[PDB]
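Peer 1: Let me begin by handing over the structure; questions about it come next.
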Amino acid sequence: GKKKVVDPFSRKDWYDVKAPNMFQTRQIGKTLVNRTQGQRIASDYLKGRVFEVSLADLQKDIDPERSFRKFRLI
Amino acid sequence: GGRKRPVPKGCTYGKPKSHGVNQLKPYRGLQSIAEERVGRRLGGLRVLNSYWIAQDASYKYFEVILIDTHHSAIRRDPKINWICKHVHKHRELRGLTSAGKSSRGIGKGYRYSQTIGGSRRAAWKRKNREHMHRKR
Amino acid sequence: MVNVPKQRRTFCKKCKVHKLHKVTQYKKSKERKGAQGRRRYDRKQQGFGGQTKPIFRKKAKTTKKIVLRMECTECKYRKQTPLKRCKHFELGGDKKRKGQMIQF
Amino acid sequence: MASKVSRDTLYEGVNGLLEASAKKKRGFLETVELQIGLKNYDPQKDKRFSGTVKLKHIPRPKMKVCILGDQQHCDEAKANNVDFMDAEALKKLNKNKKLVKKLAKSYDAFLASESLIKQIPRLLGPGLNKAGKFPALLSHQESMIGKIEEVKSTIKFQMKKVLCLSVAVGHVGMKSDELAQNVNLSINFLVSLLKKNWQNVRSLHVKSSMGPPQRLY
RNA sequence: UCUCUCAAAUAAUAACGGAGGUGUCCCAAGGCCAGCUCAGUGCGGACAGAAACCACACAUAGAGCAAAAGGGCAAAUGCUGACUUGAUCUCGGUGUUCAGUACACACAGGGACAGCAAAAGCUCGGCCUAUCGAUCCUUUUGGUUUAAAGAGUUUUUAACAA
RNA sequence: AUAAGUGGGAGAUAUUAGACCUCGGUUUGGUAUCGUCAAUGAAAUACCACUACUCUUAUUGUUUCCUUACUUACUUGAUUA
RNA sequence: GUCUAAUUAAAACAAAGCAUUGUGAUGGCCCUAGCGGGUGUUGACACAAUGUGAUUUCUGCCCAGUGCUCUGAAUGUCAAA
RNA sequence: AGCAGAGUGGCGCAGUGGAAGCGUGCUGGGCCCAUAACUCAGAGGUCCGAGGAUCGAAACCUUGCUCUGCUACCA
């Protein structure tokens, strides 16, 4: 019988996600992770996750020759 | 603990009053049970008493007081001479040991009026006797 | 339907006078332990002989005789009266009315 | 959350209560109120708290009581310094407001004689009942012998539908000894009125008008 | 359990005899008094006919009195108004059943206290004849009384009366 | 005005001057601020609650209690341990 | 193929086949009051528990009722501690 | 007897102190050749009963009826 307050949005922290070195922009973001409880490992609930963004956009090739080519991050 | 009736798992042949198996309990204390077992193996030593040291779940710890009646120290020395008398052979089974005396329930007075007058068997016999005097 | 008035003038032996009494129904009042036989009753049942005292079944008894508790306003001394068997007891009765319409 | 004089965790004695003079921080004469909670007194049911008490040492009131008086009853009250009116006053009081320096509800309290109790519920009823000044036998306005009571301190007390009772027992500028009799006497009448509850009085309080609560044994 | 009959004219009296009913119903359908006259018929009265309400004459119970049936009754026991709670308290008797006992219900009284009516009187339920239950036990109401056995007090508790 | 309700009620606060004071202060007059009252309602709320509602948080003690850590209890399995 | 030795040898029983049920062993099913043990020097192609009855062919509809079952809303009801 | 739950237009079901609402059925209009279907218009409430509370009760309270489930008791 859990029952949390409400507005769990006003319980989910803040975090920055870094992209890779040899691309261009090593910030790809900031995004909203669960607040670290000693009854939740928020760090593990950042680790297993896999994303895809097309490299063209991150590379910021304005007229994108790279537009198609989809790229995955972990 | 509970001395669960040695029943065949067949229901105990008779009246509903006798149908309890597991809630049926020793009229003899666990002190005495400790003594009687020792006494059969050690039939040459005569048991005075038993006292407790410790208890967890399955077992109760006792130290049992054993006397050598065939040792001339104990023949020797006047206070304990009377224990060498043949009247004290296995006290434990006759409850002349402290454990056994309590289970047989011999206290003066009233709370024990039946059974102090006769030891536990004896009281029954006196009561149920037609004492027929000759000169009726 | 036995209709019964909320007020009845009847004899009360403390006033030694016929005085007005407020009328109430008696009912039956909860079984209590430590009752005299109940203390004994429980020991007798004490367990593994299986339910000692015979369980009364064959109940045809459609009603019960009502007792009215009549309590004198002046001396507060209370008087018991039993009445004859009737299913439906009412007090301040909604007292049946003579000739009454059945209308239009 | 209480001022340094009173600790809110401490149930003050009736002797300790008298320290209401500290709680009149306001330069002017605050009213002392005695504030009682009722428990398992079902307020919707026939357990209806109604009473009057005459407080030995007066709430400091200017009480003008108005009588509708028939026969000897008018005379009786007249001796006891009542405003003195004889049923023909219904028609002055109601229909219109008086004139100058007087409102047609220039009465603090209302009394009507039993003979005159036919006329007032029809005529006076809309204006009086909304005020709550309406004379009931539970409000104990016999105001002749009730008049020496009323001016010299009679307060009525009635249960709210949330089942609370809120009494005025005094003014704070009243000597401590005099306050003690008024709080105890008010209480003693409340105790008389209690219809069979397990714990009819669950907490007793006395509070100053601008000023911090006291919890009372 | 009760009525009528069987049941042979006191009473008693049976069969898986005959026709039936009872576990309730009712603050009046109790209690009391006053007034009234019903079943039914005849004769008048727009709406009114065979039957509606109104009006008079006749009329032994043929009606109505909760109910089964049989008794009973006409300034009532019925019907309608009025006033009410004696359908009460207490103790004893009596009838039935037949030990003429238990029980239930009924009948007449003594001691209370009344209820009603002008009163005389009547009235311990229902005009009479059915309508309901032992001990232990549960419980309440009663006097506020006795005991809880080494003394009190107070909870609890045992009880005696109905 | 939105009184959760409701009892009683016959004013309470801020400022300034004068008198009194050692002084917070007290008395008196004026001034400013809603009001019991006026206004007019279900209760009148200056004047506060007593009971309580619905939201939230800290903290101890207590109680309901779930998970996870150790191995020396117990349990299960293998061996000239 | 079996049986009511001593009145019933069959159409009954069993039976292969067919289908259904539980269980990964600190289990399932089972005995013993208990200790301890059977299946089991067995390991799901096993063991245990059922029902129908070769081959061929067919296996419909019905979980309302009575059994059986469940990671089921499980502050229904609900004991002692 | 303990405890819990249910009863709202004919029917099925919503409703948290100010009011009577939806769907489906039902009636008529119209769409349409016609009906089916749809669209439109109207009709439809002792809120199971009674009483209390409060200015006002389906609403809250309580008692009673009715239904429903478990469970204890037992002269």
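Residues are referred to by chain and number: the chain letter is A, B, ... according to the order shown in the structure tokens, the number counts from 1 in that chain, and ligands are numbered separately from 1 in the order shown.
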Determine, counting only C-alpha atoms (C1' of nucleotides), which protein, DNA and RNA residues have an atom within 12 Å of an atom of residue H:28; residues of the same chain fewer than 6 positions away are not included. Present the result as a list in words.
Peer 2: residues 40, 41, 42 and 43 of chain H
Peer 1: Show which residues sit within 6 Å of stretch 41-49 of chain B, as number ranges by chain. Count only C-alpha atoms (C1' of nucleotides), and ignore same-chain residues fewer than 3 positions away.
Peer 2: B: 38, 64-68, 97-98
Peer 1: Quick one: write out the picked residues with C-alpha atoms as a tab-separated table (two decimals), in the first residue's frame?
Peer 2:
```
chain	number	residue	atom	x	y	z
B	38	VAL	CA	19.07	-41.36	33.93
B	64	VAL	CA	20.82	-34.47	38.53
B	65	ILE	CA	22.19	-35.34	41.92
B	66	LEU	CA	23.53	-38.83	42.17
B	67	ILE	CA	24.80	-40.66	45.17
B	68	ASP	CA	27.03	-43.73	45.48
B	97	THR	CA	12.58	-37.39	44.31
B	98	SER	CA	11.48	-33.68	44.45
```
Peer 1: I'd like to know which residues of chain B are strand (DSSP E) (by DSSP, run on the backbone); could you write them as a list in words?
Peer 2: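 Put together, the selection reads residues 45, 46, 47, 48, 49, 50, 51, 52, 53, 54, 55, 56, 59, 60, 61, 62, 63, 64, 65, 66, 67 and 68 of chain B.
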Peer 1: For the residues selected in the previous step, produce a file with N, CA and C atoms as a PDB file, in the first residue's frame.
Peer 2:
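Below is the file that was written, again_13.pdb:
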```
ATOM      1  N   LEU B  45      23.218 -45.796  41.227  1.00  0.00           N
ATOM      2  CA  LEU B  45      23.381 -44.570  41.949  1.00  0.00           C
ATOM      3  C   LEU B  45      21.955 -44.150  42.270  1.00  0.00           C
ATOM      4  N   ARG B  46      21.701 -43.525  43.424  1.00  0.00           N
ATOM      5  CA  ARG B  46      20.369 -43.188  43.882  1.00  0.00           C
ATOM      6  C   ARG B  46      20.224 -41.718  43.867  1.00  0.00           C
ATOM      7  N   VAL B  47      19.086 -41.301  43.257  1.00  0.00           N
ATOM      8  CA  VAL B  47      18.882 -39.961  42.785  1.00  0.00           C
ATOM      9  C   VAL B  47      18.162 -39.194  43.880  1.00  0.00           C
ATOM     10  N   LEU B  48      18.710 -38.020  44.287  1.00  0.00           N
ATOM     11  CA  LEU B  48      18.095 -37.162  45.284  1.00  0.00           C
ATOM     12  C   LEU B  48      17.226 -36.134  44.559  1.00  0.00           C
ATOM     13  N   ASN B  49      17.769 -35.399  43.515  1.00  0.00           N
ATOM     14  CA  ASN B  49      17.124 -34.172  43.093  1.00  0.00           C
ATOM     15  C   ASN B  49      17.538 -33.773  41.694  1.00  0.00           C
ATOM     16  N   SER B  50      16.860 -32.765  41.078  1.00  0.00           N
ATOM     17  CA  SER B  50      17.228 -32.222  39.811  1.00  0.00           C
ATOM     18  C   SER B  50      16.995 -30.734  39.795  1.00  0.00           C
ATOM     19  N   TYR B  51      17.955 -29.899  39.242  1.00  0.00           N
ATOM     20  CA  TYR B  51      17.801 -28.480  39.117  1.00  0.00           C
ATOM     21  C   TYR B  51      18.231 -28.064  37.820  1.00  0.00           C
ATOM     22  N   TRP B  52      17.709 -26.960  37.364  1.00  0.00           N
ATOM     23  CA  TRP B  52      17.697 -26.452  35.995  1.00  0.00           C
ATOM     24  C   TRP B  52      18.759 -25.436  35.790  1.00  0.00           C
ATOM     25  N   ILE B  53      19.368 -25.419  34.575  1.00  0.00           N
ATOM     26  CA  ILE B  53      20.406 -24.475  34.228  1.00  0.00           C
ATOM     27  C   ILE B  53      19.946 -23.565  33.098  1.00  0.00           C
ATOM     28  N   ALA B  54      19.139 -24.061  32.158  1.00  0.00           N
ATOM     29  CA  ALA B  54      18.952 -23.378  30.885  1.00  0.00           C
ATOM     30  C   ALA B  54      17.934 -24.015  29.998  1.00  0.00           C
ATOM     31  N   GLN B  55      17.291 -23.252  29.080  1.00  0.00           N
ATOM     32  CA  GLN B  55      16.262 -23.851  28.242  1.00  0.00           C
ATOM     33  C   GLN B  55      16.172 -23.099  26.929  1.00  0.00           C
ATOM     34  N   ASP B  56      16.269 -23.806  25.791  1.00  0.00           N
ATOM     35  CA  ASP B  56      15.914 -23.306  24.465  1.00  0.00           C
ATOM     36  C   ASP B  56      15.142 -24.406  23.739  1.00  0.00           C
ATOM     37  N   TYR B  59      14.798 -28.508  24.209  1.00  0.00           N
ATOM     38  CA  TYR B  59      15.424 -29.159  25.350  1.00  0.00           C
ATOM     39  C   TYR B  59      15.525 -28.266  26.557  1.00  0.00           C
ATOM     40  N   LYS B  60      15.516 -28.931  27.764  1.00  0.00           N
ATOM     41  CA  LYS B  60      15.601 -28.319  29.058  1.00  0.00           C
ATOM     42  C   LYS B  60      16.765 -29.018  29.736  1.00  0.00           C
ATOM     43  N   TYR B  61      17.640 -28.219  30.346  1.00  0.00           N
ATOM     44  CA  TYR B  61      18.922 -28.601  30.862  1.00  0.00           C
ATOM     45  C   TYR B  61      18.770 -28.779  32.344  1.00  0.00           C
ATOM     46  N   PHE B  62      19.236 -29.984  32.854  1.00  0.00           N
ATOM     47  CA  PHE B  62      19.077 -30.304  34.273  1.00  0.00           C
ATOM     48  C   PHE B  62      20.399 -30.828  34.745  1.00  0.00           C
ATOM     49  N   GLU B  63      20.780 -30.606  36.031  1.00  0.00           N
ATOM     50  CA  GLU B  63      21.818 -31.342  36.692  1.00  0.00           C
ATOM     51  C   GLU B  63      21.187 -32.114  37.756  1.00  0.00           C
ATOM     52  N   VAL B  64      21.461 -33.454  37.754  1.00  0.00           N
ATOM     53  CA  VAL B  64      20.816 -34.471  38.531  1.00  0.00           C
ATOM     54  C   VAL B  64      21.836 -34.956  39.489  1.00  0.00           C
ATOM     55  N   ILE B  65      21.432 -35.111  40.752  1.00  0.00           N
ATOM     56  CA  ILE B  65      22.193 -35.338  41.920  1.00  0.00           C
ATOM     57  C   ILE B  65      22.179 -36.769  42.206  1.00  0.00           C
ATOM     58  N   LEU B  66      23.386 -37.416  42.098  1.00  0.00           N
ATOM     59  CA  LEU B  66      23.530 -38.826  42.167  1.00  0.00           C
ATOM     60  C   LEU B  66      24.489 -39.142  43.300  1.00  0.00           C
ATOM     61  N   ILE B  67      24.130 -40.270  43.975  1.00  0.00           N
ATOM     62  CA  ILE B  67      24.800 -40.657  45.171  1.00  0.00           C
ATOM     63  C   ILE B  67      25.296 -42.085  44.957  1.00  0.00           C
ATOM     64  N   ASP B  68      26.506 -42.402  45.466  1.00  0.00           N
ATOM     65  CA  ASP B  68      27.034 -43.731  45.484  1.00  0.00           C
ATOM     66  C   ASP B  68      26.779 -44.337  46.819  1.00  0.00           C
TER      67      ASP B  68
END
```
Peer 1: Please compute the atom CA of residue D:53-atom CA of residue D:105 distance, one decimal, in Å.
Peer 2: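 Separation of atom CA of residue D:53 and atom CA of residue D:105: 24.8 Å.
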Peer 1: Need to verify the contact set: stretch 9-18 of chain D, 7 Å, only C-alpha atoms (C1' of nucleotides), exclusion of same-chain residues closer than 4 positions in sequence. Can you return it as a PyMOL selection string?
Peer 2: chain D and resi 176+179-180+214-217
Peer 1: Got a sec: who's within 9 Å of residue B:22, counting only C-alpha atoms (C1' of nucleotides), leaving out chain neighbours fewer than 5 positions off, as an MDAnalysis selection string?
Peer 2: (chainID B and resid 2:5) or (chainID G and resid 33)
Peer 1: Put those residues in a file: C-alpha atoms (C1' of nucleotides), as a PDB file, in the first residue's frame.
Peer 2:
```
ATOM      1  CA  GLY B   2       2.713 -32.380  25.165  1.00  0.00           C
ATOM      2  CA  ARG B   3       2.694 -36.181  25.378  1.00  0.00           C
ATOM      3  CA  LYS B   4       0.675 -36.818  22.167  1.00  0.00           C
ATOM      4  CA  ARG B   5      -1.421 -39.956  22.737  1.00  0.00           C
TER       5      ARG B   5
ATOM      6  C1'   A G  33       1.483 -40.555  18.048  1.00  0.00           C
TER       7        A G  33
END
```
Peer 1: One decimal, Å: what's the distance from atom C1' of residue E:89 over to atom CA of residue C:73, could you say?
Peer 2: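 According to the coordinates, atom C1' of residue E:89 and atom CA of residue C:73 are separated by 17.8 Å.
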Peer 1: With 12 Å as the cut-off and only C-alpha atoms (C1' of nucleotides) counted, what is the closest atom pair between each nearby residue of chain H and chain C? Distances in Å to one decimal, ordered by chain and number, as CSV.
Peer 2:
```
residue,atom,partner,partner_atom,distance
H:1,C1',C:30,CA,9.6
H:73,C1',C:31,CA,10.1
H:74,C1',C:55,CA,6.1
H:75,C1',C:56,CA,8.0
```
Peer 1: Save the residues we just selected, C-alpha atoms (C1' of nucleotides), as a PDB file, in the first residue's frame?
Peer 2:
```
ATOM      1  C1'   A H   1     -27.653 -11.513  17.415  1.00  0.00           C
ATOM      2  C1'   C H  73     -24.998 -17.830  19.891  1.00  0.00           C
ATOM      3  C1'   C H  74     -28.114 -21.455  21.822  1.00  0.00           C
ATOM      4  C1'   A H  75     -32.904 -22.470  28.627  1.00  0.00           C
TER       5        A H  75
END
```
Peer 1: Expressed in Å to a single decimal, how great is the separation between atom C1' of residue H:9 and atom CA of residue C:102?
Peer 2: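 Answer for the atom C1' of residue H:9 to atom CA of residue C:102 separation: 28.9 Å.
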